[PDB]
file start_10.cif (mmCIF, C-alpha atoms and all ligand atoms)
data_protein
#
loop_
_atom_site.label_atom_id
_atom_site.label_comp_id
_atom_site.auth_asym_id
_atom_site.auth_seq_id
_atom_site.Cartn_x
_atom_site.Cartn_y
_atom_site.Cartn_z
CA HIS A 3 3.20 19.43 13.96
CA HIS A 4 0.99 16.33 13.80
CA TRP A 5 -0.27 13.37 15.82
CA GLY A 6 1.50 11.72 18.72
CA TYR A 7 0.95 10.50 22.27
CA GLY A 8 1.57 13.74 24.14
CA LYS A 9 -0.89 15.85 26.11
CA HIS A 10 -1.41 18.22 23.18
CA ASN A 11 -1.40 15.78 20.25
CA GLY A 12 -2.41 12.52 21.90
CA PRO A 13 -5.27 10.06 21.23
CA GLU A 14 -7.90 12.44 22.64
CA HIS A 15 -6.97 14.92 19.90
CA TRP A 16 -6.89 12.56 16.90
CA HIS A 17 -10.56 12.97 15.97
CA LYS A 18 -9.98 16.55 14.81
CA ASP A 19 -7.75 15.41 11.94
CA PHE A 20 -9.16 11.88 11.64
CA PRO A 21 -12.94 11.97 12.25
CA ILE A 22 -13.09 8.18 11.95
CA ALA A 23 -11.54 8.12 15.43
CA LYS A 24 -15.12 8.25 16.73
CA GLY A 25 -16.25 5.49 14.37
CA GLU A 26 -18.29 2.33 14.92
CA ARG A 27 -15.43 -0.19 14.68
CA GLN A 28 -12.45 1.39 16.40
CA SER A 29 -9.64 -0.42 18.21
CA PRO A 30 -8.33 -1.31 20.70
CA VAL A 31 -11.08 -2.62 22.97
CA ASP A 32 -11.33 -4.33 26.34
CA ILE A 33 -11.84 -8.08 26.02
CA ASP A 34 -14.48 -9.13 28.55
CA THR A 35 -13.69 -12.81 28.85
CA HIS A 36 -17.15 -13.69 30.16
CA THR A 37 -19.15 -12.03 27.40
CA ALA A 38 -16.95 -13.21 24.52
CA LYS A 39 -18.65 -16.08 22.71
CA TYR A 40 -17.01 -19.40 21.93
CA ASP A 41 -17.51 -20.13 18.24
CA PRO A 42 -17.01 -23.81 17.28
CA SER A 43 -17.05 -22.60 13.67
CA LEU A 44 -13.67 -20.88 14.01
CA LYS A 45 -10.81 -22.79 12.40
CA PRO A 46 -7.32 -23.03 13.91
CA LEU A 47 -4.92 -20.27 12.83
CA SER A 48 -2.35 -21.20 10.20
CA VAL A 49 0.89 -19.25 10.53
CA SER A 50 3.43 -19.95 7.79
CA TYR A 51 6.54 -17.86 8.47
CA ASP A 52 9.22 -20.36 7.41
CA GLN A 53 10.14 -18.32 4.31
CA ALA A 54 9.94 -14.88 5.93
CA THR A 55 12.40 -12.28 4.66
CA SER A 56 12.94 -9.31 6.95
CA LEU A 57 14.46 -6.24 5.32
CA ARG A 58 14.91 -3.32 7.67
CA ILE A 59 14.07 -1.86 11.06
CA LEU A 60 13.14 1.80 11.44
CA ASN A 61 12.04 4.38 13.98
CA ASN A 62 9.13 6.29 12.46
CA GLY A 63 8.74 8.58 15.45
CA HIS A 64 5.74 6.66 16.81
CA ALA A 65 7.25 3.20 17.32
CA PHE A 66 9.88 1.06 15.63
CA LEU A 67 8.93 -1.22 12.74
CA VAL A 68 10.51 -4.36 11.29
CA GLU A 69 9.67 -4.50 7.60
CA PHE A 70 9.37 -7.63 5.47
CA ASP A 71 9.46 -8.42 1.76
CA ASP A 72 5.80 -8.84 0.82
CA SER A 73 6.33 -9.29 -2.93
CA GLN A 74 5.43 -12.98 -2.69
CA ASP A 75 3.61 -15.31 -0.31
CA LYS A 76 6.71 -15.89 1.82
CA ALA A 77 5.21 -15.24 5.25
CA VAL A 78 1.44 -15.62 5.37
CA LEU A 79 -1.47 -15.97 7.76
CA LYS A 80 -4.50 -18.12 6.89
CA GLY A 81 -7.34 -19.92 8.61
CA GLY A 82 -9.04 -18.74 11.76
CA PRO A 83 -11.79 -16.21 10.90
CA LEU A 84 -10.01 -15.28 7.68
CA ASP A 85 -11.08 -15.99 4.11
CA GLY A 86 -8.02 -15.96 1.88
CA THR A 87 -4.31 -15.41 2.31
CA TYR A 88 -2.77 -12.50 4.22
CA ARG A 89 0.88 -11.47 3.74
CA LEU A 90 3.05 -10.22 6.58
CA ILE A 91 4.33 -6.71 5.84
CA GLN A 92 5.61 -5.41 9.19
CA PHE A 93 5.45 -5.80 12.95
CA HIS A 94 5.85 -3.27 15.73
CA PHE A 95 5.17 -2.84 19.43
CA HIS A 96 3.39 -0.50 21.81
CA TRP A 97 4.73 -0.20 25.34
CA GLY A 98 4.48 1.78 28.53
CA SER A 99 6.62 3.85 30.85
CA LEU A 100 6.01 1.30 33.62
CA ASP A 101 5.39 -2.47 33.56
CA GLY A 102 1.78 -1.91 34.62
CA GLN A 103 0.73 -0.39 31.31
CA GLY A 104 1.62 -0.46 27.65
CA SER A 105 -0.77 -2.82 25.87
CA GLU A 106 -3.56 -1.46 23.71
CA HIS A 107 -6.07 -4.26 24.15
CA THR A 108 -6.89 -5.23 27.72
CA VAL A 109 -8.33 -8.48 29.09
CA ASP A 110 -10.97 -7.95 31.76
CA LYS A 111 -9.44 -4.49 32.20
CA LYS A 112 -5.99 -6.01 32.75
CA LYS A 113 -3.16 -4.12 31.05
CA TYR A 114 0.07 -5.80 29.93
CA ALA A 115 3.56 -4.26 29.65
CA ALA A 116 3.45 -4.17 25.87
CA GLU A 117 1.67 -5.47 22.80
CA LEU A 118 3.13 -6.84 19.60
CA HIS A 119 1.29 -6.30 16.32
CA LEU A 120 2.04 -8.39 13.25
CA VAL A 121 0.35 -6.68 10.31
CA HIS A 122 -0.81 -8.71 7.28
CA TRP A 123 -2.72 -7.65 4.17
CA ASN A 124 -5.22 -9.57 2.02
CA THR A 125 -3.48 -10.59 -1.22
CA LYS A 127 -6.71 -10.38 -3.22
CA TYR A 128 -6.24 -6.60 -3.14
CA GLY A 129 -2.81 -6.50 -4.81
CA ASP A 130 -1.03 -4.18 -2.40
CA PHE A 131 -1.15 -2.83 1.15
CA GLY A 132 -2.39 0.58 0.01
CA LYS A 133 -5.48 -0.92 -1.62
CA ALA A 134 -6.10 -3.36 1.23
CA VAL A 135 -6.50 -0.63 3.87
CA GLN A 136 -9.50 0.68 1.91
CA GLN A 137 -11.41 -2.59 2.36
CA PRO A 138 -13.37 -3.93 5.37
CA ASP A 139 -11.45 -7.22 5.23
CA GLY A 140 -8.18 -5.76 3.99
CA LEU A 141 -5.93 -6.34 7.00
CA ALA A 142 -5.52 -9.06 9.62
CA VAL A 143 -3.45 -8.05 12.64
CA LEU A 144 -2.11 -10.63 15.09
CA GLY A 145 -1.85 -9.15 18.56
CA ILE A 146 0.39 -10.67 21.22
CA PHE A 147 0.66 -9.52 24.83
CA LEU A 148 4.01 -9.16 26.59
CA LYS A 149 4.39 -9.64 30.33
CA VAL A 150 7.58 -9.04 32.30
CA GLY A 151 9.27 -12.18 33.57
CA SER A 152 11.82 -14.44 31.91
CA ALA A 153 13.72 -13.16 28.88
CA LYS A 154 12.58 -14.04 25.36
CA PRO A 155 15.64 -15.31 23.42
CA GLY A 156 14.01 -14.65 20.05
CA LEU A 157 13.54 -10.97 20.89
CA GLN A 158 17.16 -10.21 21.77
CA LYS A 159 18.20 -9.64 18.15
CA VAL A 160 15.68 -6.78 17.96
CA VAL A 161 16.70 -5.37 21.34
CA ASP A 162 20.39 -5.25 20.39
CA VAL A 163 19.88 -3.06 17.32
CA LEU A 164 17.67 -0.38 18.91
CA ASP A 165 20.74 1.72 19.72
CA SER A 166 21.24 2.23 15.98
CA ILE A 167 17.74 3.66 15.43
CA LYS A 168 17.33 5.76 18.57
CA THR A 169 15.78 8.79 16.87
CA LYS A 170 12.96 9.46 14.42
CA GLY A 171 13.88 8.77 10.81
CA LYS A 172 16.72 6.34 11.55
CA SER A 173 16.68 2.95 9.83
CA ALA A 174 19.02 -0.03 9.69
CA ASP A 175 19.41 -3.23 7.71
CA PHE A 176 17.70 -6.05 9.59
CA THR A 177 17.91 -9.27 7.62
CA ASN A 178 17.38 -12.91 8.50
CA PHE A 179 15.11 -12.26 11.48
CA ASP A 180 12.69 -15.11 12.19
CA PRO A 181 9.34 -13.86 13.53
CA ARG A 182 8.48 -17.37 14.73
CA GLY A 183 10.59 -16.67 17.80
CA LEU A 184 7.99 -14.15 18.97
CA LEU A 185 5.02 -16.53 19.08
CA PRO A 186 3.63 -18.12 22.27
CA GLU A 187 3.12 -21.88 22.63
CA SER A 188 -0.65 -21.76 22.16
CA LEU A 189 -2.51 -20.13 19.27
CA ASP A 190 -5.91 -19.86 21.00
CA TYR A 191 -7.39 -16.47 20.14
CA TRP A 192 -10.15 -13.94 20.41
CA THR A 193 -11.24 -12.16 17.23
CA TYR A 194 -13.36 -9.11 16.38
CA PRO A 195 -13.68 -6.54 13.53
CA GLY A 196 -11.73 -3.37 14.24
CA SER A 197 -9.36 -0.70 12.97
CA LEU A 198 -5.73 0.42 12.90
CA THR A 199 -4.87 1.87 16.29
CA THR A 200 -2.84 4.73 14.83
CA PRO A 201 -3.78 7.42 12.31
CA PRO A 202 -5.36 7.12 9.88
CA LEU A 203 -7.33 4.65 11.97
CA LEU A 204 -8.98 2.90 9.03
CA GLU A 205 -11.62 0.30 9.91
CA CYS A 206 -10.11 -2.42 7.73
CA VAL A 207 -8.79 -4.81 10.38
CA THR A 208 -9.85 -8.29 11.48
CA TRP A 209 -8.18 -8.52 14.86
CA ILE A 210 -6.73 -11.81 16.11
CA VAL A 211 -5.55 -11.42 19.70
CA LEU A 212 -3.77 -14.40 21.26
CA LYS A 213 -4.80 -15.52 24.74
CA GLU A 214 -1.33 -16.60 25.85
CA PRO A 215 1.23 -13.85 26.51
CA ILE A 216 4.94 -14.18 25.85
CA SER A 217 7.34 -13.25 28.65
CA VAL A 218 10.17 -10.75 28.21
CA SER A 219 12.74 -9.63 30.78
CA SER A 220 12.73 -6.25 32.49
CA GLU A 221 16.06 -5.58 30.77
CA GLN A 222 14.57 -6.20 27.33
CA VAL A 223 11.56 -3.90 27.85
CA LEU A 224 13.84 -1.29 29.41
CA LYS A 225 15.72 -0.92 26.13
CA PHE A 226 12.42 -0.18 24.35
CA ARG A 227 12.05 2.78 26.70
CA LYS A 228 15.38 4.28 25.61
CA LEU A 229 14.14 5.15 22.12
CA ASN A 230 13.18 8.73 21.21
CA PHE A 231 10.02 10.19 19.66
CA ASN A 232 12.10 13.16 18.52
CA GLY A 233 14.56 13.39 15.66
CA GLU A 234 18.31 13.77 16.08
CA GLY A 235 19.27 17.29 17.12
CA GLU A 236 16.00 17.99 18.92
CA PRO A 237 14.94 18.03 22.59
CA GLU A 238 14.91 14.45 23.87
CA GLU A 239 11.49 12.92 24.45
CA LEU A 240 11.56 9.26 25.49
CA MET A 241 9.44 6.91 23.38
CA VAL A 242 7.09 5.50 26.02
CA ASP A 243 3.33 5.03 26.36
CA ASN A 244 2.73 4.90 22.63
CA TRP A 245 -0.59 3.11 23.16
CA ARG A 246 -4.16 4.15 22.44
CA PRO A 247 -6.76 3.57 25.19
CA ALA A 248 -9.61 1.10 24.76
CA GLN A 249 -12.52 2.30 22.60
CA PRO A 250 -16.30 1.58 22.74
CA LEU A 251 -17.20 -1.92 21.55
CA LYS A 252 -20.54 -0.66 20.26
CA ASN A 253 -22.41 -3.10 18.01
CA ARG A 254 -19.67 -5.75 17.95
CA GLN A 255 -19.22 -9.27 19.31
CA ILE A 256 -15.89 -10.74 20.33
CA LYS A 257 -15.53 -14.43 19.47
CA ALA A 258 -13.22 -16.97 21.10
CA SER A 259 -11.58 -19.98 19.45
CA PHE A 260 -11.11 -21.72 22.74
CA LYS A 261 -12.46 -22.86 26.10
ZN ZN A 301 0.04 -1.42 16.56
#
call {"tool": "encode", "arguments": {"input": "start_10.cif", "output": "structure tokens"}}
result
Amino acid sequence: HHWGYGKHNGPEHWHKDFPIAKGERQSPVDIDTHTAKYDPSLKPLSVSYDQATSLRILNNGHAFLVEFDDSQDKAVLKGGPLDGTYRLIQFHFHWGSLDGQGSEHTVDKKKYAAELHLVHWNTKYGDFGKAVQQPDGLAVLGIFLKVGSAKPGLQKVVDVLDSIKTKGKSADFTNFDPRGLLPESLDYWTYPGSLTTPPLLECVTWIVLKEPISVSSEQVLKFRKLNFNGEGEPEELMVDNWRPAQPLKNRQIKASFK
């Protein structure tokens, strides 16, 4: 008995166990494209994933994660609004039960079918556990997914989901190149936020890309076949594992771009 996305343990209930849920820098938020401010000071993002080493894929009962070896600066994120080097540790998605919902961040109230999160931690802090306790500990790259043409680079992930259908299941997932999940343009918004799942720490510097990638209906459909439950329990489809937009409060969203 803990947190989830159901009617009795969903986002609206999280504050009881995680008071920070009502904090000053919570995520996600709605990106109001007309109030975001263009900042000429923002540098272009620098994504260096050529030496990435994926290790395993697992279904943690809330989403599925693809874990990477973060023992060295193999896959890092630099530049943009960041000061230092951030190592990629894992990526996961949030998606809906229908193509009209699923993303966590919204753009002018527009919801996308899903949202990809590539989580990186600031190397100055030694390890992920220490980084989450700092205001500039994490830097999460958010990418929107819209339904249209298939994304070749995503098929490898889609094909292994059958092996990790239920909570607790994990499978070897080596030699996966995350570069196949990036859009053509790296233009971004950025704002200070938090992790959108418990424990909801406000240690994130969010970097949400303007350009969505397209995925086919067939690809997203396979996401919807996963289970929140563990093997041997009543089947509950893993859909709508997204948190609604939170109050922006005293924060400003900056844009790299036009
Ligand atoms: Zn996420």
call {"tool": "closest_residue", "arguments": {"input": "start_10.cif", "among": "A:130, A:139, A:221, A:187", "to": "residue A:157", "atoms": "all atoms listed in the file"}}
result
A:221
call {"tool": "atom_distance", "arguments": {"input": "start_10.cif", "atom1": "atom CA of residue A:123", "atom2": "atom CA of residue A:172"}}
result
25.1 Å
call {"tool": "residues_around", "arguments": {"input": "start_10.cif", "residues": "residue A:226", "least_positions_apart": "5", "cutoff": "12 Å", "atoms": "all atoms listed in the file", "output": "number ranges by chain"}}
result
A: 61, 65-66, 94-101, 104, 115-116, 157-158, 160-165, 167-168, 218-221, 231, 240-244
call {"tool": "closest_residue", "arguments": {"input": "start_10.cif", "among": "A:89, A:80, A:246, A:4", "to": "residue A:47", "atoms": "all atoms listed in the file"}}
result
A:80
call {"tool": "residues_near_ligand", "arguments": {"input": "start_10.cif", "ligand": "ligand ZN 301 (chain A)", "cutoff": "9 Å", "atoms": "all atoms listed in the file", "output": "count of residues only"}}
result
17
call {"tool": "atom_distance", "arguments": {"input": "start_10.cif", "atom1": "atom CA of residue A:35", "atom2": "atom CA of residue A:186"}}
result
19.3 Å
call {"tool": "residues_around", "arguments": {"input": "start_10.cif", "residues": "residue A:213", "least_positions_apart": "3", "cutoff": "8 Å", "atoms": "only C-alpha atoms", "output": "number ranges by chain"}}
result
A: 146, 188-192
call {"tool": "atom_distance", "arguments": {"input": "start_10.cif", "atom1": "atom CA of residue A:214", "atom2": "atom CA of residue A:153"}}
result
15.7 Å
call {"tool": "closest_residue", "arguments": {"input": "start_10.cif", "among": "A:103, A:178, A:74, A:92", "to": "residue A:141", "atoms": "only C-alpha atoms"}}
result
A:92
call {"tool": "closest_residue", "arguments": {"input": "start_10.cif", "among": "A:125, A:50, A:177, A:259", "to": "residue A:71", "atoms": "only C-alpha atoms"}}
result
A:177
call {"tool": "residues_around", "arguments": {"input": "start_10.cif", "residues": "residue A:217", "least_positions_apart": "5", "cutoff": "6 Å", "atoms": "only C-alpha atoms", "output": "ChimeraX atom specification"}}
result
/A:148-152
call {"tool": "residues_around", "arguments": {"input": "start_10.cif", "residues": "residue A:193", "least_positions_apart": "6", "cutoff": "7 Å", "atoms": "only C-alpha atoms", "output": "list in words"}}
result
residues 209, 210, 211, 256, 257 and 258 of chain A
call {"tool": "residues_around", "arguments": {"input": "start_10.cif", "residues": "residue A:179", "least_positions_apart": "4", "cutoff": "8 Å", "atoms": "all atoms listed in the file", "output": "list in words"}}
result
residues 55, 56 and 159 of chain A
call {"tool": "write_last_selection", "arguments": {"input": "start_10.cif", "atoms": "C-alpha atoms", "output": "PDB file, in the frame of the given file"}}
result
ATOM      1  CA  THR A  55      12.400 -12.280   4.660  1.00  0.00           C
ATOM      2  CA  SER A  56      12.940  -9.310   6.950  1.00  0.00           C
ATOM      3  CA  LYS A 159      18.200  -9.640  18.150  1.00  0.00           C
TER       4      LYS A 159
END
call {"tool": "axis_aligned_box", "arguments": {"input": "start_10.cif", "around": "stretch 201-204 of chain A", "padding_each_side": "5 Å", "output": "AutoDock Vina command-line options"}}
result
--center_x -6.4 --center_y 5.2 --center_z 10.7 --size_x 15.2 --size_y 14.5 --size_z 13.3
call {"tool": "closest_residue", "arguments": {"input": "start_10.cif", "among": "A:23, A:212, A:223, A:142", "to": "residue A:108", "atoms": "all atoms listed in the file"}}
result
A:212
call {"tool": "closest_residue", "arguments": {"input": "start_10.cif", "among": "A:202, A:21, A:195, A:215", "to": "residue A:253", "atoms": "all atoms listed in the file"}}
result
A:195
